[PDB]
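Student: Every letter in the sequence shown is one number past the one before it in our numbering, and letter 107, counting from 1, is 107.
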Amino acid sequence: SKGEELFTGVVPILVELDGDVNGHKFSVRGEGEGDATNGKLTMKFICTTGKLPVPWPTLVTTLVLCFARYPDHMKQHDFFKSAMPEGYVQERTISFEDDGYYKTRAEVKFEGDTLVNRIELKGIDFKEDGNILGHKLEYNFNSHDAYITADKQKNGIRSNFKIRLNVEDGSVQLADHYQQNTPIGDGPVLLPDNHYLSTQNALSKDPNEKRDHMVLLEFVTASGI
């Protein structure tokens with residue numbers, strides 16, 4: 001795949017998110033690099049408008065599946081890299097149990113040598129002292145698997161998956177994700193057989209950083225074929 005050739009080394013990443021949750025407007029910018037050969041990415045994100053009005057763990061999945069590692073032994077098509085450099089649109093509904101929901105639309109594509117994820121996020125119907133707007137979630141993110149299927153009619157893929165967010169009182173709150181991806185432009189893409197992506201995330205803080213921020217290490221690996 002020609003798109004696959006763009007990922008054999010280390011690739012710089014830029015993430016830009018404009019958000020509006022219950023009328024609270026905010027922006028996030030992130031920079032880092034991705035190593036798709038190892039399924040690895042490292043990022044630092046900053047809330048550039050001041051205080052982030054939602055917990056950072058609720059934004060992890062919104063803030064580049066082209067950096068997944070697709071192992072040889074499954075020998076299956078990589079939709080996300082095959083769409084590059086022109087890239088793809090990634091859209092989601094994210095529902096939080098007994099609370100509001102996010103709607104997201106992002107374009108993932110090369111701008112020069114940088115893989116860019118540019119996102120528009122809207123949050124609706126949140127409770128002002130629920131776990132999200134009330135900041136009652138732990139600063140961590142559990143490992144999870146997500147099932148990927150081909151969407152033949154839209155020449156893309158879909159994925160419905162759940163995330164278990166840890167609440168400060170010891171319980172969990174489900175954030176259910178409903179995702180669809182479609183290619184940008186008219187280049188040919190590879191539609192995969194059904195498979196899984198497995199993800200792990202390590203969240204930390206920069207001790208010299210005064211702004212509201214998140215340092216992230218993430219691994220994404222394909223399986224099941």
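The C-beta atom is built at its ideal place from N, Cα and C for all residues, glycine as well.
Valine 21: which of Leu52, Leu197, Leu165 sits nearest, CA to CA?
Tutor: Comparing Cα positions, the closest option is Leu52.
Student: Beta-carbon separation of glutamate 120 and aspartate 18 under 8 angstroms?
Tutor: Contact: yes.
Student: Of all the options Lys205, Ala83, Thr58, which has the alpha carbon lying nearest to the alpha carbon of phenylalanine 67?
Tutor: Among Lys205, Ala83, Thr58, the Cα nearest to that of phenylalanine 67 is on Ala83.
Student: Express the C-alpha separation of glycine 32 and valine 15 in angstroms, rounding to a whole number.
Tutor: Cα to Cα, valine 15 sits roughly 9 angstroms from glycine 32.
Student: Confirm, please, whether the CB-CB distance from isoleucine 157 to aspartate 193 is below 8 angstroms.
Tutor: No.
Student: Between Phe126, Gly9, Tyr178, which has its C-alpha nearest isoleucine 148's C-alpha?
Tutor: Nearest of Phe126, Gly9, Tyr178 to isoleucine 148, Cα basis: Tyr178.
Student: With C-beta atoms as the reference, is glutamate 168 less than 8 angstroms away from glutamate 138?
Tutor: In this structure, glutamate 138 lies closer than 8 angstroms to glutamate 168 by Cβ.
Student: If you draw a straight line from the C-alpha of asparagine 201 to the C-alpha of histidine 77, how long is it?
Tutor: Computed Cα separation, rounded: 24 angstroms.
Student: I need the straight-line Cα distance from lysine 205 to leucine 217, nearest angstrom please.
Tutor: One C-alpha to the other measures close to 11 angstroms.
Student: Give me whichever residues DSSP pairs with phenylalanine 161 in a beta bridge.
Tutor: Paired residues: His177.
Student: Does DSSP classify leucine 59 as helix, strand or coil?
Tutor: Helix, per DSSP.
Student: For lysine 44, which residues does DSSP report across the bridge?
Tutor: Looking at the DSSP assignment, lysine 44 forms a beta bridge with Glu31, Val215.
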